[PDB]
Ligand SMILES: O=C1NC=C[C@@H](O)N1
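So this first bit is one chain, no partners, the form solved without the named molecule, shown in C-alpha cells.
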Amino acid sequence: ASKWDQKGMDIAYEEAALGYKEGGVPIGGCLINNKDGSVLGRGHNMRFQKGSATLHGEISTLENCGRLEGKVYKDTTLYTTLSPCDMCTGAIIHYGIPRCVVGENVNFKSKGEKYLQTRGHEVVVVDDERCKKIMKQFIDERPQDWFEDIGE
C-alpha cells in the first residue's frame, strides 16, 4: 500500500517549495494511481498567485488532474504536505479517493483528519521534517498571511 508514498511526498514537497518561490503558501500535493505509480496531477496553494480563496494545495492538485471519470479516483492516493482542512477533506470524500498521505499535522490540523477516518478513508501521517520546516518558516515570516490562509 505504501510503495509510492516516498515518490508522492517528494512531489508534494517539490510543489510546496515551488509555491514558496512564487511568493505563496508552501503547501503542495499530488494524486497518484496506486496500481502503477503514475502521477495524475500535482499542485500547490494558489492564494497569493491567483488571488484564490479555494485553490488550496489539495484542490489545485485535483484541478490539475482535469476532468476524469469518477472511477479513476477510486484507486488513488492524495499526497499533501499538510493535514487537510474541512474543504479538502470534503473533496477527498466526494471523489472517493481512498487514501490520503499527509506530510505533517503539527502546523495545522482540522476536524477533517478524523472525519476522513470515520467516513472510511485511510489517513497516513508521515511526519516529514522538510514539510514541517518550510511551513514553520512561512508561519514565522508571514503570520498575517497564514492567518488569512487558515480562514479564521
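All residue numbers refer to positions in the sequence shown, first residue = 1.
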Of 109-117 and 56-64, the one with larger mean CA B-factor: 109-117
Stretch exceeding the other in mean C-alpha B-factor - 122-130, 26-34: 122-130
Third assignment of residue 70 from its chain's C-alpha B-factors: highest
Third of the chain, ranked by Cα B-factor, where residue 11 sits: middle
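Keep in mind the form solved in complex with the named molecule is missing from the figure; the text below concerns it.
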Location of the named molecule contact in the bound PDB entry, chosen stretch of 30-38, 115-123, 80-88, 63-71 [non-hydrogen atom, 4.5 Å]: 80-88
4.5 Å heavy atom contact, residue 108 and the named molecule in the bound PDB entry: yes
Touches the named molecule in the bound PDB entry: residue 1 (any heavy atom, 4.5 Å): no
The named molecule contact in the bound PDB entry: residue 103, any heavy atom under 4.5 Å: no
Contacts with the named molecule in the bound PDB entry - residues in 54-83 whose heavy atoms fall within 4.5 Å: 56, 57, 58, 82, 83
